[PDB]
Amino acid sequence: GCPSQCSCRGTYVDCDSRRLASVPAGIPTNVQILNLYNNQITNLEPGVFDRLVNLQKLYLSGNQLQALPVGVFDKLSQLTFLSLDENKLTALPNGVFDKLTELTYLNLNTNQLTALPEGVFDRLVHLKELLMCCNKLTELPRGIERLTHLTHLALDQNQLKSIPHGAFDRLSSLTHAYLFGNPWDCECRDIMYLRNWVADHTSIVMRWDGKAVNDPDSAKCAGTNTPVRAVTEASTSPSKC
């Protein structure tokens, strides 16, 4: 039976836009899609999802979360779709996604993340979309390098200064890469990999105007309107790093 404040249809439990401060009681064990989008949830109860072993899609987006309980998704072995975008997350628990081996979609857009746990994406072999725009990341999470099935990778509006050499080399399924809104350090020689990569993959670099628009110039050097892909090796220097 369905929670009082929510609406249920088959195994879809819809709790979105219902001014909820916490996950409601009475969510049926058979739930496969749980939608808590656009509420006022500031904290999650530890173990709040442990019973819902059948979940395939979980929307926690548009709430007020600053952290997640350790182990909060550990029982959701069936999950393929996890949206955490538009919260206020300042950290992720170590190993938070380790049990989500079937995950294909992960949205962390528009949070306050500055650094992620080491190996945070290592178990996510099947990931297709990894969206991390609009955070405060300063370094590319090493581990993305191994996510060979990615079609979408959103990194725009962070604090990234460069991309580690060869980090994108195995991402042969990438169709959308968002890179704008980062203070790319073009005075450093390390920028050359990104420079070369964008030059070699002009068709998949996207700016955003309401939807993706192909624009290889959208990545720009810090303090300039100079496109990263126009950077010359001469203008760079290994001393300035």
# chains A, B, ... in the order shown; residues from 1 in each chain; ligands from 1
$ residues_around --residues "region 143-157 of chain A" --least-positions-apart "4" --cutoff "9 Å" --atoms "only C-alpha atoms" --output "VMD selection string"
chain A and resid 104 109 118 to 122 124 to 137 166 to 183 207 219
$ residues_around --residues "residue 81 (chain A)" --least-positions-apart "2" --cutoff "8 Å" --atoms "only C-alpha atoms" --output "PyMOL selection string"
chain A and resi 56-58+79+83+103-106
$ write_last_selection --atoms "C-alpha atoms" --output "short mmCIF file (atom, residue, chain, number, x, y, z; two decimals), in the first residue's frame"
data_model
loop_
_atom_site.label_atom_id
_atom_site.label_comp_id
_atom_site.auth_asym_id
_atom_site.auth_seq_id
_atom_site.Cartn_x
_atom_site.Cartn_y
_atom_site.Cartn_z
CA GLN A 56 15.62 0.47 -10.44
CA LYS A 57 15.24 4.27 -10.57
CA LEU A 58 15.65 6.68 -7.65
CA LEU A 79 19.50 0.34 -9.45
CA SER A 83 19.58 11.36 -9.76
CA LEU A 103 24.08 1.80 -12.78
CA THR A 104 23.85 3.41 -16.24
CA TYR A 105 22.81 6.97 -15.30
CA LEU A 106 24.36 9.04 -12.50
#
$ select_by_dssp --residues "region 77-236 of chain A" --states "alpha helix (DSSP H)" --output "ChimeraX atom specification"
/A:191-200
$ residues_around --residues "residue 65 (chain A)" --least-positions-apart "6" --cutoff "8 Å" --atoms "only C-alpha atoms" --output "JSON, numbers by chain"
{"A": [41, 42, 43, 44, 87, 88, 89]}
$ closest_residue --among "A:142, A:211, A:161, A:195" --to "residue 229 (chain A)" --atoms "only C-alpha atoms"
A:195
$ atom_distance --atom1 "CA of residue 28 (chain A)" --atom2 "CA of residue 75 (chain A)"
15.4 Å
$ atom_distance --atom1 "CA of residue 23 (chain A)" --atom2 "CA of residue 49 (chain A)"
9.0 Å
$ residues_around --residues "residue 92 (chain A)" --least-positions-apart "4" --cutoff "7 Å" --atoms "only C-alpha atoms" --output "list in words"
residues 67, 68, 96, 116 and 117 of chain A
$ write_last_selection --atoms "C-alpha atoms" --output "short mmCIF file (atom, residue, chain, number, x, y, z; two decimals), in the first residue's frame"
data_model
loop_
_atom_site.label_atom_id
_atom_site.label_comp_id
_atom_site.auth_asym_id
_atom_site.auth_seq_id
_atom_site.Cartn_x
_atom_site.Cartn_y
_atom_site.Cartn_z
CA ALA A 67 25.42 14.73 2.89
CA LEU A 68 24.26 11.14 2.45
CA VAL A 96 28.68 5.20 -1.77
CA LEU A 116 35.22 12.77 -4.52
CA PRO A 117 36.24 9.60 -2.64
#
$ residues_around --residues "residue 35 (chain A)" --least-positions-apart "5" --cutoff "6 Å" --atoms "only C-alpha atoms" --output "JSON, numbers by chain"
{"A": [14, 15, 16, 59]}
$ write_last_selection --atoms "C-alpha atoms" --output "JSON list (two decimals), in the first residue's frame"
[["chain", "number", "residue", "atom", "x", "y", "z"],
["A", 14, "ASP", "CA", 5.42, 9.23, -6.92],
["A", 15, "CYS", "CA", 6.37, 11.51, -4.02],
["A", 16, "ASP", "CA", 7.54, 14.48, -6.06],
["A", 59, "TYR", "CA", 15.12, 10.44, -7.95]]
$ residues_around --residues "residue 55 (chain A)" --least-positions-apart "6" --cutoff "8 Å" --atoms "only C-alpha atoms" --output "list in words"
residues 30, 31, 32, 33, 34, 76, 78 and 79 of chain A
$ atom_distance --atom1 "CA of residue 220 (chain A)" --atom2 "CA of residue 86 (chain A)"
25.1 Å
